[PDB]
Structure formats: C-alpha cells, structure tokens
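Peer 1: Would you mind keeping the following structure in view while I ask a few things?
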Protein chains: 8
Amino acid sequence: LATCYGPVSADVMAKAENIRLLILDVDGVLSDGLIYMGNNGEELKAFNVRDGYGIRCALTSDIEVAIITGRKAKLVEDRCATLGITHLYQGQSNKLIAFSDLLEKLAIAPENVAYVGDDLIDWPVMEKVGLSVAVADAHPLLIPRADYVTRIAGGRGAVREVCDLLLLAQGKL
Amino acid sequence: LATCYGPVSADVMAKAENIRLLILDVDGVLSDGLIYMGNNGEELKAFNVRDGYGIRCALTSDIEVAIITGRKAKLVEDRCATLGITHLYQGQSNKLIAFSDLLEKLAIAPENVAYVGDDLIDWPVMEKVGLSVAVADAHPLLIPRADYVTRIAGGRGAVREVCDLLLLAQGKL
Amino acid sequence: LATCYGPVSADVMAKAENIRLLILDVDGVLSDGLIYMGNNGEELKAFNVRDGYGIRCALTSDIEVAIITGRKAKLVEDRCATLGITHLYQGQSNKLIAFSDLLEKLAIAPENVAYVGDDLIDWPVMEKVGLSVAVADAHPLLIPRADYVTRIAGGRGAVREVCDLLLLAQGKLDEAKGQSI
Amino acid sequence: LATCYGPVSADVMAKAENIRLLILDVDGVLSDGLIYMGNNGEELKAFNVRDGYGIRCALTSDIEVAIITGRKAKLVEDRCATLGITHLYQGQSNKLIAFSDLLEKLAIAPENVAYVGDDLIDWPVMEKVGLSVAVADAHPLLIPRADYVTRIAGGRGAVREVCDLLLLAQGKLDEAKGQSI
Amino acid sequence: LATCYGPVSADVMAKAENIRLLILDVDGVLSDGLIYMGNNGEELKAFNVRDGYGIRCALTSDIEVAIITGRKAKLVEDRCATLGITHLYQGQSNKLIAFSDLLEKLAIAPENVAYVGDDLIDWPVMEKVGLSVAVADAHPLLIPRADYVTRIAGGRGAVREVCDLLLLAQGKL
Amino acid sequence: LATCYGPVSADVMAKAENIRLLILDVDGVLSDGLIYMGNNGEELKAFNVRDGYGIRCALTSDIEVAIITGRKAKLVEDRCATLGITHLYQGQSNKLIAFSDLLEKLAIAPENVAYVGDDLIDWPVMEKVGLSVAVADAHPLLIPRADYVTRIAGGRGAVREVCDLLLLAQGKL
Amino acid sequence: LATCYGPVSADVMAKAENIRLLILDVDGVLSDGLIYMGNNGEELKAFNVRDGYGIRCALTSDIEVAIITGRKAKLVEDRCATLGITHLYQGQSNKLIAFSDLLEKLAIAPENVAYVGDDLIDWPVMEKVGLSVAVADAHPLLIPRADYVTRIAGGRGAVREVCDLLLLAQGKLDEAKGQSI
Amino acid sequence: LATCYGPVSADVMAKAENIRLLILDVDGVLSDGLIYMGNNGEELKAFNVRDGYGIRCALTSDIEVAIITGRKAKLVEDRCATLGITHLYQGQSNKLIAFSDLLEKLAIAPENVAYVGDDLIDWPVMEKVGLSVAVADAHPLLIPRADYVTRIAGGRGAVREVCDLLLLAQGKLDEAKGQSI
Ligand SMILES: [Cl-]
Ligand SMILES: [Cl-]
Ligand SMILES: [Cl-]
Ligand SMILES: [Cl-]
Ligand SMILES: [Mg+2]
Ligand SMILES: [Mg+2]
Ligand SMILES: [Mg+2]
Ligand SMILES: [Mg+2]
Ligand SMILES: [Mg+2]
Ligand SMILES: [Mg+2]
Ligand SMILES: [Mg+2]
Ligand SMILES: [Mg+2]
C-alpha cells in the first residue's frame, strides 16, 4: 500500500487497520534519546511538535494512546496533559505489568495494540502486540524484530509516521 | 533565476517580487520542530540566529512579518520583540481567522502574502496566499502542495532562505 | 497522491491521467549520459532493464512511446526493436520538428503528451506538452522548468518512474504487465 | 542475529538454514540493470567478481544455483560456464515455467528454495519460495514483499550477501572456499 | 567476530573479553560535545538514554564503570547517581593521576581496563589501557591511535556500542 | 600542506603562520546557530567543548583570542571567563569599531589577525584581516569570499579546526 | 555571483570573463578516469553528452577548446570530430610542450586561457593560466591549488559546469546554443 | 601522520616506510569488481588512470609492483605493458604460490612487501606481508583484518592512495613523477 513515507507491506497495513490502542515509549521514540541535566537539578526532554499533532489526530479518531515510563517525571505528565493522553504508567519498569493492566482496564485484545519502541527493554511487550514498530534509529538488535521499521528517526517524527499509518489504514488520514 | 541556494523558477521569482507580508509558522519553520520541557514546568524553543537577520532585513525593506500561533507563550513574545515583529496572533483556533484579520488590518491582498509552513495545519492559509512555502523537512504531504520548497530545513535557515528570496526578487538583497 | 517514489501534487497526477503519448530523450534520460567510443569506431550505450519493463507496461496499456534524440546510432534502433517502440527520431537537435511530425502522425493534442528530458535542448518541446518531466540529475537550469522532477536519475530508472506515474494516474498500475529487458 | 552486513531476523535465518537451491535473476541482481548495446549488434553485460566468489562457495557447499532471466544472450551462458552454474533459463519472462521445471529436475520442495529478484516480474516465483530476497535497489513495489532486503545493491554484491547469508545460517561460512572471478 | 554494528577484529574482541573496568570520558563521549550555558548561570549537558541502559548492563555484569572529569559539576554527579556509577573523579589535573589511583583502589591491571575518549587529552590514559576506544566523531588525530573506533557518534550511543561489545565478548549480551 | 582535516593551500598555511590574534564570531561559529528561549525569560546557547580546548591551546601558544558580540549576555561573559578570553566587546554591532579598537590596543597589524564568521555581517571585518575563515555551514554568500572554508560545521568544531590550523602553521600543534 | 551550481567568488568570475581558450584534460575530466581494455586490444572510453553541449556552446560563443592528454587513442580523435574540436594533443605527459604550441598557434596570452585538470600532471600548465580548475573529485593534492573547484565530478558534467561558468561570466549563457551529444 | 586522505597511525606509516614491493589484486582493487562480457566472447575490464600515475610513481621510486589475480585475460597483460609492470601472475586463486615465487625472484623478505586486496581469497597472502591493505569497499569480513583500510574504493583510486602512502612514508611523494594513464 502507498504511503507518504514509501511503500508498506499488505501485512503491515492489515495490522494497522485493526489498532485501537497505540502505546509509545518515551526516550528515543517521542524524544531524541537525550536527557538534558543541569547543575541545579534541572531535567529537560525534547518532544516533537508534529508528533503531537499526530497523537491528537489519533485520539480524535478512536485510537487510544498510552505511555509506560520507568520513572515519574512532571515533564512527561505535562506532555501527556497537553496532548490529552490519560493512560500514563510511571515508575514501572517492566512494561508487561502495565501492558497487562492497560489491556484489562480497556478490554482491548493484544492484536488490537500497536507499540513503538527503540531499545531491547521494549521487546517483551512488542513481541505480544498486533503491530510492533521500531524507530529508524532504534538499537540495531531491535530493528529486525519489529513488524514495521519507521523511516523517520526517534524524536523527529517517527511517532507522527505511525499515527499517519494507522489513520491511513483506517480510512481516516 | 539564480539564487545562492540554487535555481528557482520564473513563476516563484515573480510571486516573490510581489510580497508585502511574510507570515511565518513557528514550530518546524522558525524552530527545529522540538519543544523542550522540564520538571519545573520550564518550556524552551530554539530559534535560528541567521533567520533573525533575515527577518530584520525583510522588516527594514518594506516587507511586514507576522506570526500566528496556537498558544500564547512568553518565549514567542520575546522572540518577536527582539526581532521587531509586531503582528503576533496567539492562542488561535485556526489560522484563517488571524489571516483574514491581518489582511484587513494591513489592507494587503492575499496575492501579496507569503506563508512558510511545515505541517497540514498550515495548508488552508497557504492555499490562499501568493507565495506558499514548505520547508525542506516539512511533513511529506505538505511538500508537493507548495509553490516553493526550501533547500534548508526548519530551524536551520529555511526562514533566512525565504527572506533572501524575497529580497533578491525585489532588488534588495 | 501517494506514489511508490513519494508524494506528487494533484496537478501532476491530473496531467499524468491525460497522457496518451510519452516522448523520451535518449542520452541522460534512458542512459546516464555516457557515450562509449572505441578505436575501431565502435560505439556502445547502456540502457536500463527496469525502464524497459516500464516502456512495455506503457505500450500495452494504451500509452504510445516515442524517442527524439540528437545523436544517431543503429544501436538505438535495436533498442527500440527490443521494446516494440515504433516512433524513433535520431540526429535531431531541433526537436520541435520531430514533435510536430508526431502530433500529425498520431493525431494527438500536445496536452495529451508527456516529455522526459535532461538538458536545455529538450525544453522547447517540454514547454509545449501537457506533462514535462526533468530527470533527477538533469541540468540544473532545466530542473525548475518541469512539471515533475523525477526522484530517480537518468539511466537508473527515471523512465520507469514516469511510466509508473502515468499508469498509476490512469488506474492501470496494478494490472500492468511488462518484461524487465 | 549478527551478520557481516548487519542484524537479520530469526525468521530469515531459519529460512536461510533450509535452502538447497538459490535461484537468481540476472539483470538488476547479478548486474546493476544495464544492457550495453553497440552499432554492430554487440552486447555486453557486467558481472561482479565477489558475487562469483559467493556462487563458487555456494556450489561447493551443497547449495545449487540456477538463473532465470527474461533476456537471452550467449554471454550469460559464458558467465555460467566460468562459475560452474549448470541450470540456466533464458528468454523467459513467465518465470513460473522455469521454476516448475527446476522443482521437478532437482526433486526439491519450494520451501528449500531461495530467489533473489529486483522487479515485479520476479514476484510470482518469489511468492512461492522459502526465502524471497529483493536487492537493496529493487523496484520500490517489490521491496516490501520480500522476506529479506539486501543491504548491497544489484550488481554490487547483493548476490554475495545472499550467499554469505545462506552459508552462515548453515554453519558453512567459515570453511567455505571460492574464487573471486 | 560478528557484532550488531559490523565486524570487529579478533584482536579487539580478545581485548574486550578481558575488561573488568570501563572508564568513560564525559564531553563528546557520553555527551554530544556541547555545553549549554544560560544567562542565569545555568549549565546543562545532554546524556543518551540508551547509553545509560548499556552502563547499567555492564555494572550488573561484573564490569565496573568509572568517570574522570576536569571540573566538579552536580549534573555529572546526578548522572552517576542515576546510573549507579560510584567511581567518579572530578576537578582533575590529569587523567593519569586518577587512573593510577583507580587501578590501585580496585587492584585491576591496565590490560583489564577500557577507556573511551574523543580528544587528545584522553590519549595518555588510552595509551596505557587494554582496550582504547575513540568515538566515531572524535578529534581526527585521536581516531587512528585507538584499538577500536566506534560506529556511533559521541552522545548518540557510542558508549552503548562499547558496552554491547564488552558484554558480547564476555558472553553476556 | 597536510592537515588532519585534509589538504590546505600554501597561501592559507602562510597566512596562518603569521596570526597573532584570532577573532571569533559567536552565533553559528562557536555555537550551533541556535538560541534557546524560555517562558521565564531563560536564554541558553550551546558551545563546543573541543573548541574550548583549541582556544586554550591558542592562548597558551601566544595567540590572543577575542570575541565581538552585538548584545551583552552573561552566558557569553561566563564562557569567556572559563576559557581565559579577556578581549570581549559586547553590545556593538558593527564589528569594525571593535576591530579597530582591538588592533590599536594590542598594537597588531590586520595581516596578523584571523577572523571566523558565518554570516554577511562578518564580512566587513573579514575583508580586512590576514586570514578570513567561513565555517562549513556559513551563509552561502559568505563561503566563496573567505580565504579558508572549514570542513567542520559551526558549533561542531570549526573553531577547533581553525585553532589546529594556526598551531600547525606555527609549529605548535 | 550566483551560478546554477552555487555561488562563486568575484575573483573567479573576473577570471572567467577573460577566457578565450578552454583547455581540457581527457581522463578524469572528460571521463570518470576509467580506461576500458579488451582481449583483442579493443579500447573504450566514455564521454558525457552534457559536456558535449557545453563544448558546442563554447565553440559557438567565441571560446576555443583544446585537449591535452597523456594517452593516445583514435577514439579521442573521433570524439573531437563529433564536437568540432580542432586542437588535440595526445600522448603528451609533459603538457607544457603542447601548451606553448597552443599559445603560439592561437596568438593568445596565458591569462586568457582556462585549464581543467584532475591529477598532478596537469598542474604545470594550470599554474600558468588565467583560470585553473580542478574537478570535484580531482586528486586531493591538486584541489587546493586551483582557482575554482567544480561541484560536479569528472566525466559527470564538470566540463559542462566550466563551460556554463565561462558563458555566464561573459554574458553569453542565456543565448548559447549547443547539441547534447 | 597527516596524509592527503586523512590521518594514519604511526604503525601504518612505519610499515609503509619499509615497503620495496607492492602486490595488487586486480578485480575489486584495480577495478570496481566488474567483468564485462559480450556475445562473441569479448571481455573488457576498466582501470583507473590515477592508479596508473601512482604505479608509475612507485616504479620510478624504487618500489616494485606485482599483480596476482584469479582470472586470466590478455587485456591484463596489455595494462601491465602500459604501466611497465613486469611481474604478473594470472589464473591464480591459491595466491600463496605466486607470493612464494615473488619472494624468491625478488630476493625480498615478506616484511618489505605490501598487498592490496578486496576479498577473502587475498587474506592468506595479506596475513604474511609487512603492510596489508583492504580497499574501502572490500568484503566486510576482510576489512577488520588489514593493517590499513583505504578511504577510496576499488577501481576509484584505492591503488593511487596506497602508492601515495608508500611514497609519503619514504619521503618520496613531493618529487615523485608519473603519467596519469
Ligand atoms: Cl539530445
Ligand atoms: Cl527478467
Ligand atoms: Cl594526462
Ligand atoms: Cl582474485
Ligand atoms: Mg526508549
Ligand atoms: Mg509548524
Ligand atoms: Mg539528453
Ligand atoms: Mg531483473
Ligand atoms: Mg571529551
Ligand atoms: Mg554568526
Ligand atoms: Mg587526467
Ligand atoms: Mg579481488
């Protein structure tokens, strides 16, 4: 099937067509993979504005969005609030426990879930979902495992690319 | 016509020659597309210094500059103040409402307006203006719609490239 | 407006939808612009098989194909024979002459013609047609003049990309059949 | 799973482990897709010596090699002779015919076959085999269909990369011997 | 030997197999080589999250990690605390003085040490260790001196690449 | 002549041999061309650590270093303090006035001065000096005017490249 | 000054404005540096048609063209005949000899001459002329010596780029006419 | 340790300083690895003129040059004749045989020999010499084994880069003279 990032397989489009929940890793997926730290204890992360638009589009097109994080951080809470993401698990790590809880609370089967990751810690959940996605510049060992590898790098619009894929697959782009 | 970024078409040069108002998107055009967020509620964006010089040159060469934004932010107000941009619409529901108001207030026809964007939300106004510009690394669906696609990426000097184009077209470079 | 090479404009797709004749330059469009010459007067030129597949798809999908080239070589006649191309004009640098001949011979309006070029010599014809195309690595002064600039370079599948575009625009891409020769 | 070209999936490695016959397209796979033509009817094609080394390694490591190509040229018979390839089908664009012939002649199940292609004409056979491979610079519509996309371009060592993959999967890479010819 | 970043020499793999202590330069190795400075005296540096995971893996796989720095900075102390790095020398004149001290305190021979650097100041210690590593975008004069040059740039996952190499060599990846 | 960044002309090496004062533009030369602005009035710029080492090497090898700036900023003052740069002209812009003053105060001829710039505003002074340098990613109209165009981009080590060139030329690298 | 390949210096433009004779190396300048050799003593070289267009534009715009090469091959004579080049020196590695001959034959001062080279053998003549040019992919030791370094590689349109530069400098670019052969 | 291609290690420079014999593979080192084949049994190979210049510089600067190649073709004899190479071994895939012959014929210790290769077949000889070199685009499994990896690709000036390295290491680069043929 034709996409604005290049051809995708029929299998990936079919997986995309059925997604009701999009789970997004933060570091290296929503961000550039960096953490900015300062001498007064400041901590910043950089998110991508066009990803934000994609997320808002998904949320208004009957695709739930969730984030699972290993450490509570106000900046992540603030980003979720800005975007309307209400499913945020923090201080977890481990992703399976939150994944299982999320699926129970939403009554959504794993085949109807997509997950976008950049590192090996993402694989246990990615292995279980309907559409697993590695970002273009993910850890090299993750890349061949995923159903779809984005064209765009983490923090640069990989998430927008996935939102665009789901919306296209579902006739909502 | 010859430019320091490579050839442009006669049609683009002719459009550029007539521009009295340059409207600039912020995120992904003036910036690198990122938003830096911190755990104390800090918010930063990165602007490009050579873009600033271009904007000052435009403003002193009888080309008005305006910005239309979806959310009031002191950092954008400050950037405008530094550069001498006085036409700033913030917290805007869309872009057409501010566009229409701007054109009435300035008594300038749409053909004498340029707009530089990076995403689909920019297209409704871009469709109406004399010179529409997509930055080099804009969303892929926007790129083919624009009159001119910059060589330089958002936040890296795309805006300077557009200012340089207008000034060259108008014999002011 | 998605294509397998990237997005195209609505305007380019609409122009492509109307094409009944695809005219190609040879050197720099069907080849990468090289002319091979030997000490015994031998000459070679290299063509790309995936362009051959595109040309066969076009020819079998109601899109005629013609060639207008400034050089003259029997090898080009042979290439046309392989591909079933029956409209070849060689030794012609004033390409408007051949263009006028084709409009008459094929009873076709210029808006229903596409032309793929790489150098300034191609512009007089490109200016007149419904869909003008510059290959990705065309002369820098030709590039901004064309309706569509290919993603793929001359000799490397620019012609295939144009064939794919016409077929897609005309709803013929999925069912098109060619030989990659 | 580590290779000298980058990680591959467990699925691709498992498919590779089972290959007893490697089928190759010629133009765009064993070459970069160019056909050289001259004024006296001469034709040349270019092959890559490191692909030759891979093919020799495969043939001496209990992996048979066959070629199915839409063009027909004596020069291809000569290249096969250099490399010891004894299964050549030329002038065939309906590649399923030659494929069926090979399955019978070599008494082999399709799951034990790999096919390396670059254009849509290759897909009907690729669809049926155990390991389908598109070269790095294959037609964009073929790329997403294949089990494995090579890192290296057609004519530049894509075939060598596939030979190396099969040998690695089968525990034969370290001890394989070839000639880089 | 095969690695997920490409082939490495037998000699480099053999050096990697024996590493009990990994010493990491900060600027241009753990970071992007930048220092972010503000008008209120703010100072930030950007670390890479996937590097952090590599470091944690090394530390839980019997490979000690140390950092030697030329200026005490809370942000570096905080990064070390987050990752479990306890060997941090700051405000250092040399790197050799800290290196010597570290090896005495840990009773580890230089052949069992790896060092990852990006500039000429790193060379005196790199010259002495078992596995010297220059990052991909290190100063050009350092690159040919090192046993191994990473594929990944400083701040982008060069450190993760080295951790992955050590763990692979030691059968722990 | 041979350099670690590639060949340079005999003319450029000869100009470099005679440099007693190196003048550095800040934005797009010492920095990445960005200015980071926040909603509490924060302003950050990013400097390159390896450039800092080059500057210290120049200063200890009888090459004075100066900076001329268009706006007083504590972050620039702090960077200069860290590096031992004592010739800092701020709130200037033009650059000729400071240049002339600097040369009078130091009793140095223009032929013994190098200047590294990235934009057209740098050209009037660059035109007068012994060794004019445009960074790799300077404004396109500046590039052909300079005696030397660096291989490395602004904020990424262009300044270190120039320091390395001067030191090599003077037999001090 | 803006050019279609990027900005050039005022000094280069002023040098270009004064050129009445353009001297070209062959291998690595008019070609990508390859020499094709066969088992029967055949030899081929490849030239670029867009360079042909530039040469035709120059020759018809009062800029003479000459070639000085270290090799000797009839095929080079044939290429000169195609393009109307009437000043060819082959088998000459001490290129100062041919250069002196040209200055006398064409009654021209060295400042009115341009030379395009790719290797150190070209430098003795380049040192003497008004505009010296190294192609983009010239030997690294030649590159810093030249007045202008082309953006385009040898054999790929470096010569065209130089022709375009001279014509632009002389106010002849828009009206120049060539054949892309 | 600065070179015109980038920095080299002190160890590589010291190895280069001692070289009296430079041995070259052909396919993939002196060429980009392609073999051109025709329907009448024609064969072509392409060599690079700047490599020719380096070889002439080496030969006139007390560095002998030899070739050991797995293929056999008269065209290679002709190339050696052009360049003054008098030590050619063709049809040889067990390259240790030719290597031993050279050591005896030239009364030379292996530490005074350099070898430039591109595939695994070259490794047995490379393992024994004072300076082993893999070209930039050598097979990925060869690259980490070599003392020096060239910056320039096979057929594109990797051999010239090695010649330049030896000459620089021996204080002969400035004064070296060649022909770019
Ligand atoms: Cl033509
Ligand atoms: Cl075929
Ligand atoms: Cl020559
Ligand atoms: Cl061989
Ligand atoms: Mg992550
Ligand atoms: Mg935007
Ligand atoms: Mg042409
Ligand atoms: Mg094919
Ligand atoms: Mg450092
Ligand atoms: Mg600046
Ligand atoms: Mg030459
Ligand atoms: Mg070889």
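By convention here, the chains of the structure tokens are called A, B, ... in the order presented, each chain's residues are numbered starting at 1, and ligands are numbered starting at 1 in the order presented.
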Can you pull out every residue with an atom within 12 Å of ligand 2? Use only C-alpha atoms and all ligand atoms and format it as a PyMOL selection string.

Peer 2: (chain C and resi 48-50+52-53+178-181) or (chain D and resi 24-31+33+67-72+89-96+116-125)

Peer 1: Counting only C-alpha atoms, which residues of chain B sit at most 8 Å from some atom of chain C, and what is each one's closest atom pair with its distance in Å to one decimal, listed by chain and rising residue number, as a tab-separated table?

Peer 2:
```
residue	atom	partner	partner_atom	distance
B:7	CA	C:141	CA	6.7
B:8	CA	C:144	CA	6.0
B:9	CA	C:144	CA	5.1
B:140	CA	C:7	CA	6.9
B:141	CA	C:7	CA	6.6
B:144	CA	C:9	CA	5.0
B:145	CA	C:9	CA	6.0
```

Peer 1: For the atom pair atom CA of residue B:111 and atom CA of residue B:133, what is the interatomic distance in Å to one decimal place?

Peer 2: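 Between atom CA of residue B:111 and atom CA of residue B:133 the gap works out to 13.5 Å.
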
Peer 1: Based on the backbone DSSP call, show me all residues of stretch 18-49 of chain E assigned strand (DSSP E or B), as a list in words.

Peer 2: residues 21, 22, 23, 24, 31, 34, 35, 36, 37, 38, 43, 44, 45, 46, 47 and 48 of chain E

Peer 1: Work out how far apart atom CA of residue G:87 and atom CA of residue G:103 are and give it in Å to one decimal.

Peer 2: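 One can read the atom CA of residue G:87 to atom CA of residue G:103 distance as 11.7 Å.
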
Peer 1: Write out as a short mmCIF file (atom, residue, chain, number, x, y, z; two decimals) with N, CA and C atoms, in the first residue's frame the residues lying within 9 Å of residue G:128, counting only C-alpha atoms and excluding same-chain residues fewer than 5 positions away.

Peer 2:
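What landed in part_14.cif:
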```
data_model
loop_
_atom_site.label_atom_id
_atom_site.label_comp_id
_atom_site.auth_asym_id
_atom_site.auth_seq_id
_atom_site.Cartn_x
_atom_site.Cartn_y
_atom_site.Cartn_z
N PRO G 110 48.55 33.70 -21.83
CA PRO G 110 48.10 32.71 -20.83
C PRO G 110 46.95 33.17 -19.92
N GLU G 111 46.85 34.46 -19.63
CA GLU G 111 45.78 34.93 -18.76
C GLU G 111 44.40 34.75 -19.39
N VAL G 113 43.49 32.05 -20.93
CA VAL G 113 43.32 30.60 -21.05
C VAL G 113 42.82 30.03 -19.74
N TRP G 123 49.16 20.15 -13.24
CA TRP G 123 49.45 21.36 -12.50
C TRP G 123 50.45 22.31 -13.21
#
```

Peer 1: Select, from H:135, H:166, H:57, H:107, the residue with the minimum atom-to-atom distance to chain G, counting only C-alpha atoms.

Peer 2: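 Ranked by minimum distance to chain G, first place goes to H:57.
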
Peer 1: At a cut-off of 9 Å around ligand 6, and using only C-alpha atoms and all ligand atoms, what residues come up? Please write them as a PDB file with C-alpha atoms, in the first residue's frame.

Peer 2:
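Saved file part.pdb follows:
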```
ATOM      1  CA  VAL A  49       5.546  19.114  17.697  1.00  0.00           C
ATOM      2  CA  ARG A  50       4.453  17.258  14.545  1.00  0.00           C
TER       3      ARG A  50
ATOM      4  CA  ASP B  25       4.811  29.378  11.311  1.00  0.00           C
ATOM      5  CA  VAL B  26       6.794  28.845  14.499  1.00  0.00           C
ATOM      6  CA  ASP B  27       7.192  25.112  15.162  1.00  0.00           C
ATOM      7  CA  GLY B  28       9.236  23.325  12.496  1.00  0.00           C
ATOM      8  CA  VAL B  29       9.754  26.538  10.496  1.00  0.00           C
ATOM      9  CA  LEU B  30      11.337  29.070  12.851  1.00  0.00           C
ATOM     10  CA  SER B  31      12.311  26.192  15.140  1.00  0.00           C
ATOM     11  CA  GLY B  33      10.316  21.263  15.481  1.00  0.00           C
ATOM     12  CA  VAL B 116       6.059  29.411   5.320  1.00  0.00           C
ATOM     13  CA  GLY B 117       4.760  26.188   6.895  1.00  0.00           C
ATOM     14  CA  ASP B 118       5.767  22.656   7.853  1.00  0.00           C
ATOM     15  CA  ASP B 119       2.517  20.757   8.504  1.00  0.00           C
ATOM     16  CA  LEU B 120      -1.009  20.120   7.216  1.00  0.00           C
ATOM     17  CA  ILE B 121      -2.486  22.693   9.602  1.00  0.00           C
ATOM     18  CA  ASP B 122      -0.640  25.335   7.552  1.00  0.00           C
ATOM     19  CA  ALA B 138       8.097  19.621   6.273  1.00  0.00           C
ATOM     20  CA  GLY B 154      13.133  24.166   9.550  1.00  0.00           C
TER      21      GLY B 154
END
```

Peer 1: Identify all chain A residues at most 6 Å from chain E by counting only C-alpha atoms; ligands do not count. Present them as an MDAnalysis selection string.

Peer 2: chainID A and resid 33:39

Peer 1: DSSP on the backbone, then: every residue of chain A marked alpha helix (DSSP H), written as an NGL selection string.

Peer 2: :A and (10-17 or 49-59 or 74-83 or 96-106 or 123-126 or 158-169)

Peer 1: List the neighbours of residue H:168 out to 9 Å using only C-alpha atoms; skip same-chain residues closer than 6 positions along the sequence, and give me the result as a ChimeraX atom specification.

Peer 2: /H:3,13,16-17,174

Peer 1: Just write the chosen residues, N, CA, C and O atoms, as a CSV table (one decimal), in the first residue's frame.

Peer 2:
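To be explicit, this is the file written out as out14.csv:
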```
chain,number,residue,atom,x,y,z
H,3,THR,N,48.0,12.6,6.1
H,3,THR,CA,48.1,12.3,4.7
H,3,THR,C,47.0,13.1,4.0
H,3,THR,O,46.0,13.6,4.6
H,13,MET,N,52.3,4.1,9.1
H,13,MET,CA,53.4,4.8,8.5
H,13,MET,C,54.7,4.0,8.5
H,13,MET,O,55.5,4.0,7.5
H,16,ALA,N,54.7,1.2,6.1
H,16,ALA,CA,54.8,1.8,4.7
H,16,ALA,C,56.2,2.2,4.4
H,16,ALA,O,56.7,2.1,3.2
H,17,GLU,N,57.0,2.7,5.3
H,17,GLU,CA,58.3,3.2,5.1
H,17,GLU,C,59.3,2.1,4.6
H,17,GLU,O,60.2,2.4,3.9
H,174,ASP,N,56.8,14.2,-2.7
H,174,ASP,CA,56.9,15.5,-3.4
H,174,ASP,C,57.6,15.4,-4.8
H,174,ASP,O,57.2,16.1,-5.7
```

Peer 1: Would you list which chain C residues are within 6 Å of chain G using only C-alpha atoms, as a VMD selection string?

Peer 2: chain C and resid 33 to 39 71

Peer 1: Between atom CA of residue A:17 and atom CA of residue A:143, what is the distance, to one decimal in Å?

Peer 2: 21.9 Å

Peer 1: Give me the residues near residue A:55 as a ChimeraX atom specification, where near means some atom within 12 Å (using only C-alpha atoms) and where sequence neighbours in that chain fewer than 2 positions away do not count.

Peer 2: /A:21-24,30,48-53,57-67,79-80,82-85,157-167

Peer 1: Any chance you can output those residues with C-alpha atoms as an mmCIF file, in the first residue's frame?

Peer 2:
```cif
data_model
loop_
_atom_site.group_PDB
_atom_site.id
_atom_site.type_symbol
_atom_site.label_atom_id
_atom_site.label_comp_id
_atom_site.auth_asym_id
_atom_site.auth_seq_id
_atom_site.Cartn_x
_atom_site.Cartn_y
_atom_site.Cartn_z
ATOM 1 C CA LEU A 21 -4.562 1.383 21.251
ATOM 2 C CA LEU A 22 -1.172 2.934 20.468
ATOM 3 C CA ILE A 23 1.493 2.569 23.167
ATOM 4 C CA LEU A 24 4.505 4.854 22.907
ATOM 5 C CA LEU A 30 8.930 10.504 21.434
ATOM 6 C CA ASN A 48 8.402 16.769 18.546
ATOM 7 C CA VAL A 49 5.546 19.114 17.697
ATOM 8 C CA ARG A 50 4.453 17.258 14.545
ATOM 9 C CA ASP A 51 4.278 14.015 16.644
ATOM 10 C CA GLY A 52 1.890 15.906 18.910
ATOM 11 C CA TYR A 53 -0.431 16.674 16.032
ATOM 12 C CA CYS A 57 -5.423 13.106 15.397
ATOM 13 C CA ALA A 58 -5.245 9.504 16.652
ATOM 14 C CA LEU A 59 -7.090 10.384 19.867
ATOM 15 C CA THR A 60 -9.934 12.069 17.959
ATOM 16 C CA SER A 61 -10.137 9.119 15.523
ATOM 17 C CA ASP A 62 -10.960 6.428 18.110
ATOM 18 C CA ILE A 63 -7.368 5.341 18.726
ATOM 19 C CA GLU A 64 -6.400 5.433 22.408
ATOM 20 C CA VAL A 65 -2.802 6.430 23.215
ATOM 21 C CA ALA A 66 -0.814 5.268 26.248
ATOM 22 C CA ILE A 67 2.664 5.793 27.650
ATOM 23 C CA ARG A 79 3.361 16.493 27.863
ATOM 24 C CA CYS A 80 0.564 13.958 28.306
ATOM 25 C CA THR A 82 -1.069 18.927 26.682
ATOM 26 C CA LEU A 83 -1.855 16.111 24.247
ATOM 27 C CA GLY A 84 -4.847 14.576 26.025
ATOM 28 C CA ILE A 85 -3.081 11.318 26.880
ATOM 29 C CA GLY A 157 8.555 12.320 13.563
ATOM 30 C CA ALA A 158 8.644 8.521 13.891
ATOM 31 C CA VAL A 159 5.541 8.813 16.059
ATOM 32 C CA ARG A 160 3.789 11.044 13.527
ATOM 33 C CA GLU A 161 4.691 8.464 10.878
ATOM 34 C CA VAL A 162 2.993 5.699 12.912
ATOM 35 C CA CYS A 163 -0.091 7.833 13.584
ATOM 36 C CA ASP A 164 -0.267 8.613 9.857
ATOM 37 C CA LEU A 165 -0.022 4.873 9.086
ATOM 38 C CA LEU A 166 -2.840 3.911 11.461
ATOM 39 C CA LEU A 167 -5.079 6.723 10.245
#
```

Peer 1: When you look at residue H:149 with a cut-off of 6 Å (counting only C-alpha atoms), what residues show up, excluding the ones that are within fewer than 2 positions of it in the same chain? I need them as an MDAnalysis selection string.

Peer 2: chainID H and resid 133:136

Peer 1: Restricting it to N, CA and C atoms, dump the selection as a CSV table (one decimal), in the first residue's frame.

Peer 2:
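Full text of out.csv as output:
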```csv
chain,number,residue,atom,x,y,z
H,133,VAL,N,46.6,-4.2,3.1
H,133,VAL,CA,45.6,-3.2,2.8
H,133,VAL,C,44.3,-3.8,2.3
H,134,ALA,N,43.2,-3.4,2.9
H,134,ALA,CA,41.9,-3.7,2.3
H,134,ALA,C,41.4,-2.4,1.7
H,135,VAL,N,40.8,-2.5,0.5
H,135,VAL,CA,40.2,-1.3,-0.1
H,135,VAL,C,38.9,-0.9,0.7
H,136,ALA,N,38.5,0.3,0.5
H,136,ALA,CA,37.4,0.9,1.3
H,136,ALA,C,36.1,0.0,1.2
```
